Amino acid sequence: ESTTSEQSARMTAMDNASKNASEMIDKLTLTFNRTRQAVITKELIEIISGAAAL
Amino acid sequence: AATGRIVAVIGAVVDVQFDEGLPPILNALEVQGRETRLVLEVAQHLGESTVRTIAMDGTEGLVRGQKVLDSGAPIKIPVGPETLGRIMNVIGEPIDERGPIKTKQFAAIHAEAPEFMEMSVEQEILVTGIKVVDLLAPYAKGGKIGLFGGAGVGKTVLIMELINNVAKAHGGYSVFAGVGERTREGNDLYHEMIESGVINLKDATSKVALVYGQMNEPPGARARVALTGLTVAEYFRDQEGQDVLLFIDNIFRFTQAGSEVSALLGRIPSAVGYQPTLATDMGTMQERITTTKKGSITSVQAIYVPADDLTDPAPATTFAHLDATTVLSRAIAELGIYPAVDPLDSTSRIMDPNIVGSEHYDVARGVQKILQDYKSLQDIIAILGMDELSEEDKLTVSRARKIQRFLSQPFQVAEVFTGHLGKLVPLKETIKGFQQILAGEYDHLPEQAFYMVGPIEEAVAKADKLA
Amino acid sequence: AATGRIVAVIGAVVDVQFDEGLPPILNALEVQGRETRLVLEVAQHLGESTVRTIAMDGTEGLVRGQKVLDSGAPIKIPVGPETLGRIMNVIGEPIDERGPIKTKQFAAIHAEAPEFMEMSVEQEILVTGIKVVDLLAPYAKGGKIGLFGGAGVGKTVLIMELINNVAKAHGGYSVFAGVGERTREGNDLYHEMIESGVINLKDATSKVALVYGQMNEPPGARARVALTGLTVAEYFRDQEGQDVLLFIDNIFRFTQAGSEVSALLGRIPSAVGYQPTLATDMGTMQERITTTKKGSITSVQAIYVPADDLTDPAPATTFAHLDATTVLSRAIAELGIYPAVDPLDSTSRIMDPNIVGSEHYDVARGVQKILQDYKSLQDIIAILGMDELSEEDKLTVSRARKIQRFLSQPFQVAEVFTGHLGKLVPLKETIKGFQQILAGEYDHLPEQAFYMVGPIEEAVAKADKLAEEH
Amino acid sequence: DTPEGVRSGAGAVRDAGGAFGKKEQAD
Amino acid sequence: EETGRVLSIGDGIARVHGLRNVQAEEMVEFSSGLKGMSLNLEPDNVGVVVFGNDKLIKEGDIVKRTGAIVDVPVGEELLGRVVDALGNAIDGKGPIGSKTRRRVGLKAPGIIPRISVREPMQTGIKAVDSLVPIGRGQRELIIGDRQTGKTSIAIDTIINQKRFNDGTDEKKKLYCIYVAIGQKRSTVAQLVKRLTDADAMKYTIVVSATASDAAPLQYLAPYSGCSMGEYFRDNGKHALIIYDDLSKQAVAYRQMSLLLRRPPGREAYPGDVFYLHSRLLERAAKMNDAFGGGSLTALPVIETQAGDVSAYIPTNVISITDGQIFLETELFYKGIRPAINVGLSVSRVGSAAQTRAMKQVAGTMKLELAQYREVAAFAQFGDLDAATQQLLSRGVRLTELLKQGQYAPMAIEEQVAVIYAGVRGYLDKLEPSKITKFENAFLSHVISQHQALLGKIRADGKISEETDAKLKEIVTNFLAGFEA
Amino acid sequence: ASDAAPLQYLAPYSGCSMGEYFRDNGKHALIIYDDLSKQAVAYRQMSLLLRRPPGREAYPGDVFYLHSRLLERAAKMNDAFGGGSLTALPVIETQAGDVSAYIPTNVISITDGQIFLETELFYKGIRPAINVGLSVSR
Amino acid sequence: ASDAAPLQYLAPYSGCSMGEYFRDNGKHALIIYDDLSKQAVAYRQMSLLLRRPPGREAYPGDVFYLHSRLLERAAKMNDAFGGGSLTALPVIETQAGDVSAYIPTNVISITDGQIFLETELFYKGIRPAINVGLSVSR
Ligand SMILES: Nc1ncnc2c1ncn2[C@@H]1O[C@H](COP(=O)(O)OP(=O)(O)OP(=O)(O)O)[C@@H](O)[C@H]1O
Ligand SMILES: Nc1ncnc2c1ncn2[C@@H]1O[C@H](COP(=O)(O)OP(=O)(O)O)[C@@H](O)[C@H]1O
Ligand SMILES: Nc1ncnc2c1ncn2[C@@H]1O[C@H](COP(=O)(O)OP(=O)(O)O)[C@@H](O)[C@H]1O
Ligand SMILES: [Mg+2]
Ligand SMILES: [Mg+2]
Ligand SMILES: [Mg+2]
C-alpha cells in the first residue's frame, strides 16, 4: 500500500513541478524577448548618437 | 530693460536675439503682445547677440519678430505668509481665483544651495503610524524622504496618508508642490484641505501653500514648478524660521520635463535619452531642499520609476539625495499587500541602534532576515513544492508570510476604496507585535488573520473571528 | 623639416598643420618646446595640409601654434642585443634609469606583415609542465598561444608561470610587452627576473627585454607598446636567426585603446562601442607576430575577456589569430582549481592523434567526455539527489571530480598565494596519471588526494598522509 | 525544432548560480 | 594677460574666442571671478569648463589666462580641513596655509620608483583584515549596491587609523583623505561629524564635490585629492584616500564631454573613462626607499545597480584595482553586516601585507569558511554529524565572529584574539546566537585584565607558542566563566 | 493605418476638441481614443523622422506629454462652468500582457483607472474578460 | 587579416566569379566561403568609414544584399545553359549559439538549409558535432 501511494504521489508531484516550470519558463521567455529587443534598441540608439555627434 | 525679437520657435525653446544688453542666463524674459503672460527663461547665450530661452507656457501664436522685454531678474514669485492657503502656478500667478497674492516680499525661483557650514546633523524619528515605514524604514525629521514606485502602485495614496497623519498635526507650515500629476488630484486635495480646515478661505489660519505644475502644463513649466514650491518653502525655512513639510508629487516629472527640452536645447543625448545634465540639475534642485541651521524642511518627494525599473537614470540618481527611501513594488501590490512597500529594499539613515533604539533595531533586522530567507527559498518552493523543505524551513516560511501580511495596514485615505477603516498604529505597538510574531507566540493563528489589520490585537481578534 | 604648428588639442588627438610637405601617415612628429619628448603619430590626412595625430604621451601644456617637427620615419626604437635586460617605453626610451640604450640598429614600430610564402607549416609541441595545458590543449613551439580570461582569473599568474617554466629554460631571448597593465606588476616582474637571473644588471647575459606601457600611459601610448615589443621580437627573429618568446599581457588593451580615440579620430562607433577598424588593426598587429621560415616566435598573449563575455568583439576576433587557446573560467577558480583552465573550452591545433600521439589524444578526449557527462549529470543531481543516481552515474561523477581535482597544479609563482610548493609534471606522467584515473585504478583514493598535487605519485602519497592523520 | 528558440545545455542548472545550483553543489 | 571673448556660454561650457597663448588643461579666470579649465582647444575657439555656476558668465566676458595648468594647494596644512575641488576651504575655519601647489594631472610613479607592498594597511574590520587583507600601496575596490555599507567600511578604516596616528612612530601613521564625489552636503556633513566626534578629523583632508558643485568640480575632485595624498607619498609619509562614488565622477565626465560636443560611446560615457579612472588609481603606489619609502593607498567606491558587476564602469574599475571587496544586499538583509562576500571578495595578499599573528589564525579561518560555504548551501537537512554538522557549526561560529558593528574599529591584536577564540574550536560549543555576546564580553575581558597579552601580541607581531599557551588559558577560563 | 502619421497624431486631439464643445456648453460627452498605442507609434515616427533623440523603446521623451495633454482635457467641470463632462476611454494594446511597458505605464499614470482584459479569460470563454483583481476605478 | 578591408570584401565575389566559369561551361564546381561573417565585418568597416548610415550592430543596411548577390550566384543551370553547377558552402560563426543575430539571420534566410554544429556534441564524443535536429536541407 505504501509503495503504490509513494509512486502515485511522486508521479503527481513531478507533474506539478513540470507545470510550475512551464509557467516559469513562459514568464522568463516573455522577459527574454523584451530584454533582447531592448538591447538591440539600446545599441542602435548608441550608434545613432555617435554618428550624429560627428 | 532690453527688447529682443523672436528668431526661432521650436517647441518650448524660443530663440530670441537682443539688439543690445543680452539678458544674463536664467533671466525672465516677458513676451510682449500675448493675451496671457508668457515668460521665457534664458537658458544659453548662443552668440551673435542671441539668447536661447525656455518657455513657461504655450508657444502657440508666437511669430518670428515678436518683441520680448527683459525683466532684469530671474522668475520671481510672491513669497510670505500670504501664500498660505493660495494656489500658485510656475510663474507665481494665483490660480485659485481668490485674488492677487499681496506678499510684501518677492523671491527668485533660482537660488544657491545651502552651504556646507549651514547644514544640520540632527536626526530624529518621525513616527508616521505606518507599520512598514515606522519599523523597517523609519522616517527622519527634517530629512529628505522619497517614495519610489511605478505606475499605480500607491505613491500618491501613501503621500496622502503622510499628509493626513503628519501634516495635520504639524505645528509649522507646509507646502505641497504638484509636478506633472493629474489635475483632478489637485482639485480633490484642495477641496479636501478646505473641508479639513488646513486651507481656510475666511481667515488667515491656513497652514499649507499649494504650487501646481500639473501634466497639462508645457514641458518648460513642469521643469520649474518644483523650484517654485521649493522657494516658497525656503522662505518659511529661513526668513520665518518655521519648520515646514515640503510634499512634492512625482519629482521624476521634473527630470522628464528636462529631457523633453534638452533635445530642443541642442545637447547630445545621454544614456536612455535623458539630458546630459541630469545629475547636476537634479542635485541643484535637491540640494536646496535641505534642513539648515535656520530651519528644517521635512521633504516627502514621490519619485516615479519608469517601467517599474529602478536602474533607470532618473530614479537611480534620486537615491543619493534621500535619507529615507521607500520603494513600493507592483508585485507586492499584486499579492494584495497594501501599502506595497518592499521590505528588503526600503532603507533609512536613522535605522541605527544608537538612534532608533536597540530593541527596534533588532526587531527590524530580524524581520528583514526572515523575509530574506523566505526569498532565498522561493525558487525551491516554486519548483519542488513546500513539501520538500525542512520543518525548520517551513517555520521560517510560515512566520515570514505572517510578517508580510502584518506589514499591510488599512489606510485612512483608502477607506473609500477597501471599505476597511484605517488603523494608525503607534510605533511601540508595531515593534511589540513584530517581536511577538518573530518569537512564535502567534504561530497558531492563521496567516490570513494578519492581513489588513492594525495592531496585533486586531490580528488575534480576526483570527478568533475566523471560526 | 616642414615644421608644423598645432591647430587643435582635444584629448589625445592633436591636429597639426604643415605649411610645407605633409608628413605621410604613420610617421612620427616631434613637438618642439616640451621639457620631455612628446611624439605625435600621424593618423589621418584631414585636409588643407592638416594631419590628425595621436599623442604618445600627455597632451597637457600644449598651446595652439606650437612648432612640431617631422622625423620622416615611423616611430623608431633602439633594437638589438643591447635591449636585453633594459626597460623601454613605446617611443623606445630607457625607463630603467640605467642610461641610454646604445644599439647600433634602429627599427620602426610599423612594418609590413610576413608573406604567405614565408609561413612555416611545422607543428611541434612545447611541454610547459602544466597538466591541463599539456594534456588538453598542448602548446606548440612557434605557435601563437592565447591566455583568454576575465579579471582576477589567473592570466597574469599563468603567464608568469609560463615565463618561469619555459622562458628560463629556453636558450633564445624573450620579450615582455606590458600593454595596459598594472605598473605594480611591471615592477614585480622586473625585480623577480633580476633575482631569478634572467635579467643581469651587472653582466651582459640578460635573456629578456622589457617594453612597458602601463594603464597610467595615455590611450595613444597603450595602442603602440605592443607594436614596439613585437618589433623587438622581429629583430630577434629576422636579423638574428634565433627563437624568440614574446610575452604580451592584456593584448585587449591594444584594441581598447583604439576605442578610446576612434571617436575623436572621427569614426562612427561600431557594435557594442569598439572602433570600426577593430579586426583590421588587430590583424595588422597579429600577422606580424608569426614564425616565419627565417625564425620562430612562440608568442603567449594574455587576453582580458570583458565581463567574462567571450562573445565580446575584442576576444572574439583574437580567437582566429591564435593556434592554441586556453580559456580561464571564473567558476572553476571559484571551485578552487588553479590554474582555472576550462577543460571543455580550451583548444589547440596540434590536438591531433597524428601529432600528439594516439594515447595522448585518446586520454584527452576521454577526460573531456567524462567531464561533459558530469556536467550532464549535475542537472539530474539537482532534482533527484545524489543518493538517487545509479551506480554508473555515481562512478562517473566520482571519476570526473577526481580528474577535475587532478587538473589543479600548484605553481612556483603561486607558492606565495597557495602556500604549496610548485610542481612541474612531465607530459608522460600527465598522460599516465589521467589514463589511470580514467581506468579507475585510483577510485579507492579520496578526491582530496588529487587536489593541488603534481604527479599521481604525489596524489597517492597524499592520500596515505591523510590516512595517517585520520 | 526551430533553431531560433533559446536552447538549454548541460550544466545550466549549476551555471545559473541559483538555489537549485547551490543545492546540487552542496549535495 | 592674453585674453579672450566668450562667444557662447551654455550649461557651463564657454567657447571663448581668443586666448591664443592658452595652454591645454590650463586654468583660466573669467571676468566674474569664476575659474575654468581649457579642454577643447579648437582652431578658432577654446572650450572652457567653468568651475561653478555659469549664470554670472555672459557673452562678451573677458577670460584671462592664469598661466598655470590646474593645480591644487598641497601640503600638511590641509589636515583637518574640509576643502573643495580647487583646495578652497569650506569648513569656515580660515584660509589654508598651503605653501606648495601640485598639478592635479601629474603622471604616476614609474616602474623603478615603486617597491613591493610591505606595510599592512589595517582597516579595523575583522573580515577585511582577516580574509581580504589590504596593504599600503594597494588599490582595493569597495564595490557594492546602494545602501550596502561601502562608506561605512571606508569611514571605519578612517577611524581605525587613529590608534596609529596618535602614537609615536611615523611609519605607522597614516594620514587619510576622503574625496566625496556627488554625495549631498548633508551626507558629507554627517561624515565630518562622525570623524570629529571620533577625533579622526585631525589627520584627514575631506575634499568635497557635492551634487550642487559643478560637473567640472566633481570631475576634478578625485585628482585633487590624489595629488594631496601624493604630497605625503612623495615625502616619505603614508597616506590613504577613499574616492567615494568614482561612478559619480564618471557621470560628471560624461556631462562635461558631451557638453563639450565630444562624441559619446558606450552608455554615453566618453571613450576615455577607462583612462579617467586609470590615471587616478595608478598614482597609488608604495615608493621605494630611495624615493622616500612613502605610500598612497586608494579605496575607490563604486555603486553597482542591481548588483551587476558586469556593467561598463564597474568592470573598468575592477580591472584597474588590485582587489575588490564585494558588498551584497542579500548578505546585509540576511544579517551578515558588514556584507562582505568573502567567497567572491578577493585581495592580493600584498606580498605578506598581513601581520604574522593574524595570518596564523586567518589561514585556518579562511579554509574552514570555504569548506563551510561549499557544504552549507542547501537548507534541506535530511545526517552527517562528524563530517558536515561539525563543519557547518564551525562555519556559523566563524561567520558570527566576522559580524561587526559600525564605527567600532578593532585593533589587530583584538581581532587576532577573537579569531583565535573562534578558530581553535573553543566557541564551537557556544550557542550560535550567543557568539556575538561572547565576542563582546571576551573583547572587554581581554582588554581589561589581560591587556599585557594584547601588548605582547602587538609588539612581537607574531603569536609564539608561549603566547598561544597564555591565550589558551585566557579563552578556556573565560569560556568556562562566560555563563554565570 | 493608410492615413498619414501626422493625421493619426492629430486625430485624438481633434476628437477631444469636438467633445470639449459639449463639456464647456453644459453637456456630457464620451470620447473613446481607441488604439492610443498607434498614436504613440505615429508620434514616434514623426519624432524619429524629425531626428529627435529616441528614448526607451525608441519612443521620444515627450510621448508622456503627448497623451497627458490629451487625457487631461477630460474633466467634470463645476456648476459655475456649466457642469459638463468629457468622460474618456482610451485604449492601449499590451503585448504578451506587458502592462509594465512604456506606453502602458504612461497611460496608466494618467488615467483614473484601468479595465484590464485578459487573453486567457477571452480564450476560456469568460467574455467580457475583465480581470476584476487588477481592474480599478478611482 | 593583414589584407585591407576591401580585399576581404571582394574575396568571396572573386571566388564565386572564378567558380562561375565551370558552371557556365558545363563543369560542376563547389565554393566554400569560410568566415562569410568576416566579410560582413570588412564591409561594415568600409561602410562606416565611408559614413554610410549605420543600422543594427552597425552593419550597413545593404549587408543582406551583399550576401544575397553572392549566394544566389550558386545555381544548377539547365541543359541548354551547359548543365553546370556552382555549389556553395558558406560558413557563419554564431556567438554562443546566437542564430538570431543580424548576419546569422541573413545568411540562414538566404541559404537552402544549414548544418548546425554544437560544441556540446563535439566534447560529448559526437565528432562530427552535427546536430541532426537543427540541421536541415531544403
Ligand atoms: N556594520 C554595520 N552593521 C549594521 N548596519 C550597518 C553597518 N554599517 C553600516 N550599516 C548601516 O547600513 C546602512 C547603509 O550604510 P552606508 O551609509 O554605509 O551605505 P552606502 O552604500 O555607502 O550608501 P549610499 O548608497 O547612500 O552611498 C545605514 O543604515 C548604516 O547605519
Ligand atoms: N494602501 C492602499 N490600500 C488600498 N489600495 C491602494 C493602496 N495604495 C494604493 N492602492 C490602489 O492602488 C492604486 C495606486 O495608484 P495611486 O497611488 O492613486 O497613484 P500612483 O500609485 O500611480 O502614484 C490606487 O489607485 C489604489 O486604488
Ligand atoms: N595557482 C594560481 N593561479 C592563478 N591565480 C591564483 C592561484 N592561486 C591563487 N590565485 C589568485 O588568483 C588571482 C589571479 O589574478 P591575476 O592573474 O593576478 O589577475 P588576472 O586574473 O586578471 O590576470 C591571483 O591574484 C591570486 O590571488
Ligand atoms: Mg499617483
Ligand atoms: Mg593580472
Ligand atoms: Mg556611500
# chains A, B, ... in the order shown; residues from 1 in each chain; ligands from 1
>>> residues_near_ligand(ligand="ligand 6", cutoff="10 Å", atoms="only C-alpha atoms and all ligand atoms", output="list in words")
residues 320 of chain B; 142, 144, 145, 146, 147, 148, 149, 150, 151, 152, 153, 154, 155, 180, 183, 187, 244, 245, 301, 302 and 303 of chain E
>>> write_last_selection(atoms="N, CA, C and O atoms", output="mmCIF file, in the first residue's frame")
data_model
loop_
_atom_site.group_PDB
_atom_site.id
_atom_site.type_symbol
_atom_site.label_atom_id
_atom_site.label_comp_id
_atom_site.auth_asym_id
_atom_site.auth_seq_id
_atom_site.Cartn_x
_atom_site.Cartn_y
_atom_site.Cartn_z
ATOM 1 N N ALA B 320 20.633 59.009 -4.100
ATOM 2 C CA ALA B 320 21.710 59.636 -3.340
ATOM 3 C C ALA B 320 21.251 60.862 -2.565
ATOM 4 O O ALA B 320 21.958 61.299 -1.652
ATOM 5 N N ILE E 142 35.942 48.965 -3.028
ATOM 6 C CA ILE E 142 34.752 48.667 -2.210
ATOM 7 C C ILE E 142 33.557 48.784 -3.149
ATOM 8 O O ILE E 142 32.900 49.820 -3.263
ATOM 9 N N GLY E 144 29.781 47.583 -4.562
ATOM 10 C CA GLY E 144 28.530 47.117 -3.989
ATOM 11 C C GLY E 144 27.357 47.904 -4.535
ATOM 12 O O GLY E 144 27.506 48.772 -5.401
ATOM 13 N N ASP E 145 26.177 47.577 -4.014
ATOM 14 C CA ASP E 145 24.939 48.230 -4.408
ATOM 15 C C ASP E 145 24.692 49.447 -3.520
ATOM 16 O O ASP E 145 25.556 49.868 -2.747
ATOM 17 N N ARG E 146 23.503 50.029 -3.625
ATOM 18 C CA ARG E 146 23.149 51.175 -2.804
ATOM 19 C C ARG E 146 22.803 50.734 -1.388
ATOM 20 O O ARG E 146 22.198 49.681 -1.173
ATOM 21 N N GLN E 147 23.186 51.565 -0.421
ATOM 22 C CA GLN E 147 22.938 51.298 0.994
ATOM 23 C C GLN E 147 23.454 49.921 1.398
ATOM 24 O O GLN E 147 22.743 49.116 2.003
ATOM 25 N N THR E 148 24.702 49.637 1.032
ATOM 26 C CA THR E 148 25.326 48.364 1.372
ATOM 27 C C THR E 148 26.425 48.482 2.418
ATOM 28 O O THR E 148 26.802 47.464 3.007
ATOM 29 N N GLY E 149 26.936 49.680 2.674
ATOM 30 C CA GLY E 149 27.935 49.872 3.703
ATOM 31 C C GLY E 149 29.347 50.128 3.224
ATOM 32 O O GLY E 149 30.282 49.987 4.021
ATOM 33 N N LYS E 150 29.533 50.499 1.958
ATOM 34 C CA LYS E 150 30.862 50.830 1.458
ATOM 35 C C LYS E 150 31.434 52.048 2.176
ATOM 36 O O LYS E 150 32.589 52.043 2.625
ATOM 37 N N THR E 151 30.634 53.110 2.280
ATOM 38 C CA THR E 151 31.064 54.294 3.014
ATOM 39 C C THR E 151 31.306 53.963 4.477
ATOM 40 O O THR E 151 32.205 54.530 5.110
ATOM 41 N N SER E 152 30.510 53.049 5.037
ATOM 42 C CA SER E 152 30.755 52.598 6.401
ATOM 43 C C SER E 152 32.123 51.939 6.521
ATOM 44 O O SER E 152 32.860 52.202 7.476
ATOM 45 N N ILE E 153 32.486 51.087 5.559
ATOM 46 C CA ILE E 153 33.800 50.449 5.595
ATOM 47 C C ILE E 153 34.900 51.501 5.532
ATOM 48 O O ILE E 153 35.866 51.468 6.309
ATOM 49 N N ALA E 154 34.756 52.464 4.621
ATOM 50 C CA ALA E 154 35.787 53.484 4.461
ATOM 51 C C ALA E 154 35.947 54.310 5.732
ATOM 52 O O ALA E 154 37.068 54.512 6.217
ATOM 53 N N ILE E 155 34.835 54.787 6.293
ATOM 54 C CA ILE E 155 34.905 55.623 7.488
ATOM 55 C C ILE E 155 35.419 54.821 8.677
ATOM 56 O O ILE E 155 36.108 55.357 9.551
ATOM 57 N N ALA E 180 34.642 63.154 -1.522
ATOM 58 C CA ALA E 180 33.211 62.941 -1.712
ATOM 59 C C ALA E 180 32.813 63.472 -3.084
ATOM 60 O O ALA E 180 32.901 64.677 -3.339
ATOM 61 N N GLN E 183 28.060 63.047 -3.456
ATOM 62 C CA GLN E 183 27.310 62.930 -2.216
ATOM 63 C C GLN E 183 26.767 64.289 -1.795
ATOM 64 O O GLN E 183 27.422 65.317 -1.976
ATOM 65 N N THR E 187 25.032 64.611 3.791
ATOM 66 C CA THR E 187 25.780 63.371 3.982
ATOM 67 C C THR E 187 27.243 63.653 4.307
ATOM 68 O O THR E 187 27.824 63.038 5.214
ATOM 69 N N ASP E 244 35.109 58.257 -2.896
ATOM 70 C CA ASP E 244 33.707 57.800 -2.702
ATOM 71 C C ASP E 244 32.898 58.059 -3.973
ATOM 72 O O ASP E 244 32.875 59.215 -4.429
ATOM 73 N N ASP E 245 32.251 57.017 -4.499
ATOM 74 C CA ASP E 245 31.403 57.157 -5.711
ATOM 75 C C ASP E 245 32.253 57.613 -6.899
ATOM 76 O O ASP E 245 31.981 58.704 -7.430
ATOM 77 N N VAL E 301 35.268 53.613 -4.328
ATOM 78 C CA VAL E 301 33.934 53.075 -4.093
ATOM 79 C C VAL E 301 33.143 53.167 -5.390
ATOM 80 O O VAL E 301 33.137 54.216 -6.045
ATOM 81 N N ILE E 302 32.488 52.071 -5.766
ATOM 82 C CA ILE E 302 31.679 52.008 -6.977
ATOM 83 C C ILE E 302 30.312 51.441 -6.626
ATOM 84 O O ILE E 302 30.219 50.388 -5.984
ATOM 85 N N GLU E 303 29.257 52.134 -7.048
ATOM 86 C CA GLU E 303 27.890 51.673 -6.848
ATOM 87 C C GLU E 303 27.443 50.897 -8.080
ATOM 88 O O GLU E 303 27.491 51.420 -9.198
#
>>> interface_residues(of="chain A", to="chain F", cutoff="7 Å", atoms="only C-alpha atoms", output="VMD selection string")
chain A and resid 38 41 45
>>> residues_near_ligand(ligand="ligand 5", cutoff="7 Å", atoms="only C-alpha atoms and all ligand atoms", output="MDAnalysis selection string")
chainID C and resid 152 154:157
>>> write_last_selection(atoms="N, CA and C atoms", output="PDB file, in the first residue's frame")
ATOM      1  N   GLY C 152      40.955  38.794 -12.600  1.00  0.00           N
ATOM      2  CA  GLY C 152      41.232  38.007 -11.414  1.00  0.00           C
ATOM      3  C   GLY C 152      41.010  36.523 -11.587  1.00  0.00           C
ATOM      4  N   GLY C 154      43.508  34.430 -13.327  1.00  0.00           N
ATOM      5  CA  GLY C 154      44.774  33.727 -13.362  1.00  0.00           C
ATOM      6  C   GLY C 154      45.613  33.980 -14.598  1.00  0.00           C
ATOM      7  N   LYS C 155      45.241  34.963 -15.420  1.00  0.00           N
ATOM      8  CA  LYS C 155      46.007  35.233 -16.635  1.00  0.00           C
ATOM      9  C   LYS C 155      47.438  35.644 -16.311  1.00  0.00           C
ATOM     10  N   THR C 156      47.602  36.638 -15.437  1.00  0.00           N
ATOM     11  CA  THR C 156      48.938  37.136 -15.117  1.00  0.00           C
ATOM     12  C   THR C 156      49.764  36.075 -14.398  1.00  0.00           C
ATOM     13  N   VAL C 157      49.158  35.374 -13.440  1.00  0.00           N
ATOM     14  CA  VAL C 157      49.880  34.326 -12.725  1.00  0.00           C
ATOM     15  C   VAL C 157      50.290  33.216 -13.683  1.00  0.00           C
TER      16      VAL C 157
END
>>> atom_distance(atom1="atom CA of residue E:201", atom2="atom CA of residue E:133")
24.5 Å
>>> residues_around(residues="residue D:20", least_positions_apart="4", cutoff="7 Å", atoms="only C-alpha atoms", output="list in words")
residues 380 of chain B; 382 of chain C; 13 and 24 of chain D
>>> interface_residues(of="chain D", to="chain C", cutoff="10 Å", atoms="only C-alpha atoms", output="ChimeraX atom specification")
/D:9-15,17,19-27
>>> select_by_dssp(residues="chain F", states="strand (DSSP E or B)", output="ChimeraX atom specification")
/F:28-31,54,60,85-88,113-114,117,130,136-137
>>> interface_residues(of="chain F", to="chain B", cutoff="9 Å", atoms="only C-alpha atoms", output="PyMOL selection string")
chain F and resi 52-56+60-62+64-65+68-73+75+99-102+104-113+133-134+138
>>> residues_around(residues="residue F:114", least_positions_apart="5", cutoff="7 Å", atoms="only C-alpha atoms", output="number ranges by chain")
F: 108, 135-137
>>> write_last_selection(atoms="N, CA and C atoms", output="JSON list (two decimals), in the first residue's frame")
[["chain", "number", "residue", "atom", "x", "y", "z"],
["F", 108, "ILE", "N", -1.42, 54.50, -17.88],
["F", 108, "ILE", "CA", -1.93, 54.17, -16.56],
["F", 108, "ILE", "C", -1.65, 55.29, -15.57],
["F", 135, "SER", "N", -8.51, 45.32, -12.33],
["F", 135, "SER", "CA", -9.37, 46.44, -12.70],
["F", 135, "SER", "C", -9.69, 47.29, -11.47],
["F", 136, "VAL", "N", -9.58, 48.61, -11.62],
["F", 136, "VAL", "CA", -9.83, 49.53, -10.52],
["F", 136, "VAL", "C", -10.36, 50.84, -11.10],
["F", 137, "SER", "N", -11.18, 51.54, -10.32],
["F", 137, "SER", "CA", -11.73, 52.84, -10.71],
["F", 137, "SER", "C", -11.63, 53.79, -9.52]]
>>> closest_atom_pairs(of="chain B", to="ligand 1", cutoff="9 Å", atoms="only C-alpha atoms and all ligand atoms", output="Markdown table")
| residue | atom | partner | partner_atom_place_in_ligand_line | distance |
| --- | --- | --- | --- | --- |
| B:319 | CA | ligand 1 | 25 (O) | 7.1 |
| B:320 | CA | ligand 1 | 26 (O) | 5.6 |
| B:321 | CA | ligand 1 | 26 (O) | 8.2 |
| B:322 | CA | ligand 1 | 26 (O) | 8.0 |
| B:323 | CA | ligand 1 | 26 (O) | 7.8 |
| B:347 | CA | ligand 1 | 29 (O) | 6.9 |
| B:348 | CA | ligand 1 | 29 (O) | 5.7 |
| B:349 | CA | ligand 1 | 29 (O) | 4.6 |
| B:350 | CA | ligand 1 | 29 (O) | 6.6 |
| B:351 | CA | ligand 1 | 29 (O) | 5.2 |
| B:352 | CA | ligand 1 | 31 (O) | 5.2 |
| B:353 | CA | ligand 1 | 31 (O) | 8.4 |
>>> interface_residues(of="chain D", to="chain G", cutoff="9 Å", atoms="only C-alpha atoms", output="mmCIF file with N, CA and C atoms, in the first residue's frame")
data_model
loop_
_atom_site.group_PDB
_atom_site.id
_atom_site.type_symbol
_atom_site.label_atom_id
_atom_site.label_comp_id
_atom_site.auth_asym_id
_atom_site.auth_seq_id
_atom_site.Cartn_x
_atom_site.Cartn_y
_atom_site.Cartn_z
ATOM 1 N N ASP D 1 13.656 21.434 -33.240
ATOM 2 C CA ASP D 1 12.641 22.299 -33.831
ATOM 3 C C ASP D 1 13.279 23.525 -34.475
ATOM 4 N N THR D 2 12.636 24.674 -34.321
ATOM 5 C CA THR D 2 13.160 25.900 -34.910
ATOM 6 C C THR D 2 14.422 26.331 -34.171
ATOM 7 N N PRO D 3 15.526 26.578 -34.879
ATOM 8 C CA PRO D 3 16.771 26.956 -34.190
ATOM 9 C C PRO D 3 16.668 28.246 -33.396
ATOM 10 N N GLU D 4 15.785 29.164 -33.795
ATOM 11 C CA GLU D 4 15.750 30.486 -33.175
ATOM 12 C C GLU D 4 15.436 30.403 -31.684
ATOM 13 N N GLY D 5 14.546 29.494 -31.292
ATOM 14 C CA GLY D 5 14.201 29.310 -29.894
ATOM 15 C C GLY D 5 15.393 29.039 -28.998
ATOM 16 N N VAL D 6 15.416 29.668 -27.820
ATOM 17 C CA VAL D 6 16.534 29.511 -26.900
ATOM 18 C C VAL D 6 16.700 28.045 -26.540
ATOM 19 N N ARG D 7 17.941 27.567 -26.596
ATOM 20 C CA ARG D 7 18.257 26.166 -26.368
ATOM 21 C C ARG D 7 19.119 26.044 -25.124
ATOM 22 N N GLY D 9 21.515 23.863 -22.297
ATOM 23 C CA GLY D 9 22.608 22.919 -22.387
ATOM 24 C C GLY D 9 22.914 22.294 -21.040
ATOM 25 N N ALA D 10 23.763 21.269 -21.082
ATOM 26 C CA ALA D 10 24.166 20.584 -19.863
ATOM 27 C C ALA D 10 24.934 21.530 -18.950
#
>>> residues_around(residues="stretch 399-416 of chain C", least_positions_apart="4", cutoff="9 Å", atoms="only C-alpha atoms", output="ChimeraX atom specification")
/C:130-132,157-158,160-161,164,336-341,343,367,370-374,394-395,420-425,433-434,437-438,440,443,446-456,459 /E:349,351-352
>>> decode(residues="stretch 209-214 of chain B", atoms="N, CA and C atoms", output="PDB file, in the first residue's frame")
ATOM      1  N   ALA B 209       0.554  75.912   1.755  1.00  0.00           N
ATOM      2  CA  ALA B 209       0.556  76.610   0.479  1.00  0.00           C
ATOM      3  C   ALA B 209       0.663  75.600  -0.654  1.00  0.00           C
ATOM      4  N   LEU B 210       0.008  75.897  -1.773  1.00  0.00           N
ATOM      5  CA  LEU B 210      -0.072  74.977  -2.902  1.00  0.00           C
ATOM      6  C   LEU B 210       0.547  75.616  -4.135  1.00  0.00           C
ATOM      7  N   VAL B 211       1.498  74.916  -4.749  1.00  0.00           N
ATOM      8  CA  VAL B 211       2.036  75.264  -6.059  1.00  0.00           C
ATOM      9  C   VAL B 211       1.813  74.072  -6.979  1.00  0.00           C
ATOM     10  N   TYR B 212       1.208  74.317  -8.142  1.00  0.00           N
ATOM     11  CA  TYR B 212       0.796  73.236  -9.030  1.00  0.00           C
ATOM     12  C   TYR B 212       1.323  73.449 -10.442  1.00  0.00           C
ATOM     13  N   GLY B 213       1.986  72.421 -10.964  1.00  0.00           N
ATOM     14  CA  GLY B 213       2.558  72.387 -12.297  1.00  0.00           C
ATOM     15  C   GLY B 213       2.089  71.186 -13.094  1.00  0.00           C
ATOM     16  N   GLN B 214       0.791  70.894 -13.046  1.00  0.00           N
ATOM     17  CA  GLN B 214       0.245  69.606 -13.453  1.00  0.00           C
ATOM     18  C   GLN B 214       0.591  69.268 -14.907  1.00  0.00           C
TER      19      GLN B 214
END
